[PDB]
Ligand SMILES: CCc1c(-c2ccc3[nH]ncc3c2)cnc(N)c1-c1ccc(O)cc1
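One chain comes next, on its own, written out as structure tokens in the form deposited without the ligand.
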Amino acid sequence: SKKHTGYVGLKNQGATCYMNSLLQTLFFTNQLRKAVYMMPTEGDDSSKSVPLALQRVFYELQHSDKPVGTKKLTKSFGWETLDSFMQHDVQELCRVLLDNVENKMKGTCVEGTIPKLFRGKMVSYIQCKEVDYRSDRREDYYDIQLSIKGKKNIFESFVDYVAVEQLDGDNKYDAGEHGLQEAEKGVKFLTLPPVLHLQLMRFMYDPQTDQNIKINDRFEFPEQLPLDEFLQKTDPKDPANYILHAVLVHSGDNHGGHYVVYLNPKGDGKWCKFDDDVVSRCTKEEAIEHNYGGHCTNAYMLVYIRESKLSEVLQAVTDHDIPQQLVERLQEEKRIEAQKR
């Protein structure tokens, strides 16, 4: 119920798996939401436009007492087949949603919000040992995929991500002028974004079965996340302490299973659980430790917000933050759909 928590649920309208969990995550990323509302969806086709459809879900989630439907959204980005959600990752859906958004906001006041919130920068060095030659290339990322297989916690995942790899023997490095050389290869972070989407590599390939198997191994993540030790140059004025916002959770061993999201919407630490139409209050511990694993129920994705940007990221939202031309068009659609049923 809405009156229980302040928040409404999402309708269950097919095997959308992680979609409802993510939508709620994206919705409670308040700064994104404000920016979605401002998109010039004036001319757009009521069915073929993804940005409108996202504006609709968010509107409804903010205003409706009753659970909110996603069918126009799934039609809008074209994931209407049985195996659509089943064969993709959660981050690939997030990219489909955020790219559509980010492109609509080009030539707009709200330009660049998506990258402002989610784009970090990393380096991918390759260093030869014997003769000197180096390759430093910056890459951008909107999300990170942490390995968990035999890592106790997030600390050990970040250690693994940046750990120096080696290149010798058969699979050596082509240093161009210098021939196929012996060399080290790694990654380091230059910046970590305001909103840190982390995915846990739980659905790993098994060469015996010719299928991905879910790994239910125990994997710990904290409430508070000091990531300063994983940057190339720190900032004393803006250190990289991150707060846990959302724990996207799965139960069972496959796409059928059971997808829930636990969120801390305001960043206070008064958490709620979102199981489609049911939104219940819950403990810090039903959200954090109980999804460590060790049991088929465990976290696959985590959202951390940086303490320095928490208030900005979680800036309050009012009914006055949706433009009235859009508010009108949405209520107009609610009324047209009322005349058919």
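Quick note: we count residues from 1 along the sequence shown, nothing fancier. Rigid core here is just the name for the largest C-alpha set that superposes within 1.5 Å across the two forms. Shifts are known only where both forms have a C-alpha.
Compared with other entries of the same protein, residue 111 falls outside the group left without coordinates by a third of them; all model it where both flanks are modelled. For the cut-off of one third of the other compared entries, residue 132 stays well clear, since all of them model it along with its flanks. A chain break between residue 294 and residue 295 is present, corresponding to 4 to 9 residues of the deposited sequence without coordinates. Higher mean CA temperature factor, per the PDB entry, when comparing 19-27 with 324-332: 324-332.
Stretches 160-168 and 99-107 differ in mean C-alpha B factor, with the higher average recorded for 160-168.
Reading the B-factor column for the CA atoms of 143, 136, 139, 92 in the entry, the top value corresponds to 136. Across the options 245, 121, 233, 88, the residue with the most elevated CA B-factor in the record is 233. In this PDB entry, residue 55 carries a Cα temperature factor that places it within the lowest third of its chain's modelled residues. Per the PDB record, residue ranking by Cα B-factor puts residue 125 in the highest third of the chain.
Among all modelled residues in its chain, residue 45 ranks in the highest third by Cα B-factor. In the PDB entry, a CA B factor belonging to the highest third of its chain's modelled residues is recorded for residue 207. When all modelled residues of the chain are sorted by CA temperature factor, residue 65 is found within the highest third.
Only in words, not in the display: the form deposited with the ligand bound, which the text now covers.
Of the candidates 74, 241, 91, 127, 91 is the one whose heavy atoms come within 4.5 Å of the ligand in the entry with it bound; the others do not. The partner is absent here, but in the entry with it bound a heavy atom of 114, alone among 263, 175, 114, 154, sits within 4.5 Å of the ligand. Contact between residue 219 and the ligand in the entry with it bound is not found at the 4.5 Å heavy atom cutoff. The closest non-hydrogen atom of residue 98 lies within 4.5 Å of the ligand in the entry with it bound. Using a 4.5 Å cutoff between non-hydrogen atoms, residue 271 does not count as a contact of the ligand in the entry with it bound. Although the partner is absent here, residue 301 lies within 4.5 Å of the ligand in the entry with it bound, judged by heavy atoms. Looking at 224-232, 128-136, 263-271, 99-107, the stretch with residues near the ligand in the entry with it bound, meaning non-hydrogen atoms within 4.5 angstroms, turns out to be 99-107.
Checking 254, 224, 103, 166 for C-alpha shifts of 2 Å or more between the shown form and the other one, after the rigid core is superposed, gives a single hit: 254. Considering only residues present in both forms and aligning them on the rigid core, one finds just one run of three or more residues with C-alpha shifts of 2 angstroms or more between the shown form and the other one, namely 254-256.
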